[PDB]
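One chain follows as structure tokens, the form deposited in one PDB entry.
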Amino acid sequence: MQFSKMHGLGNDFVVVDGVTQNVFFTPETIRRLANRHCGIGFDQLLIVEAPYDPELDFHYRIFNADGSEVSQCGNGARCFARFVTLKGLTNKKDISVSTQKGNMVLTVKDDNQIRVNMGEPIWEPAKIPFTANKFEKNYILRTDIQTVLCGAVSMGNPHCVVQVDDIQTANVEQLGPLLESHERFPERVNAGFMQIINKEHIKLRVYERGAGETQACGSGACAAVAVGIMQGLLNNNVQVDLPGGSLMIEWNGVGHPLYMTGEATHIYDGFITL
């Protein structure tokens, strides 16, 4: 099995062409390959697959190092685009891909960065889903230790975004779990904590639905900027600093799709038996 090693936003990926090779991995195998001392070593495993849909170019799946398929964050999208380009699986500048949760369009920019069209943010509470009388720009959520204010939005998955004064001292450790499984989010939620530096720059940490905090949750960056724009606190183009790296988010408001732009880097190519 051929593979490539890449990195983006502070995570390292193993990327596999599952279009010209037939691959399937059980969690046990994934954990073995993810092991840094006896395996290849990675944070995320990305498989590029046939779309089984004439209106799409590819499908991709991502697995964590614990061997589970995951789909909260849209991570690996930049690596996916660079990989299919470098390997000649496509030569399209605008690439349409399905994921476990919603389609994306990936644009390979002239400066080599990758722009991902994440679709239009979804604001209606019932469609997030989130239990609320009606849409509000700021919702009041009571937890065991504090009542917080948040924006709520869906990008394919549910997000709630809390503004914090100082990103390093924000109580992600206690508030993250309390929000992620809050009763008002029937399908749970990705809980983002955003420090606004200025109208074009934020810092963000995300307690991911079913996973907790990692180095980067791209869709969390999208959600935080959408919320801030909706609230009047951010402009339409914003740099987001996640723990592991930065993204540029662009959103021209209702009626328009939201875009996320960032880098992906090829490291080496490998071959493994099994």
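Numbers for residues come from their place in the sequence shown, where the first is 1. Throughout, rigid core stands for the largest set of C-alpha atoms superposing within 1.5 Å between the two forms.
There is another form of this protein, the form deposited in another entry, and it is not shown here; the text below is about that form.
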On a rigid core superposition, would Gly67 pass a 2 Å threshold for CA movement between this form and the one not shown? yes
How about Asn252 - superposed on the rigid core, does its CA move between this form and the one not shown by 2 Å or more? no
Assuming the CA distance changes by 3 angstroms or more, are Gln146 and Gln72 closer together or farther apart in that other deposited form compared with the shown structure? farther
Work out whether the Cα atoms of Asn35 and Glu213 come closer together or move farther apart in that other deposited form than they are in this form, the change being 3 angstroms or more. closer
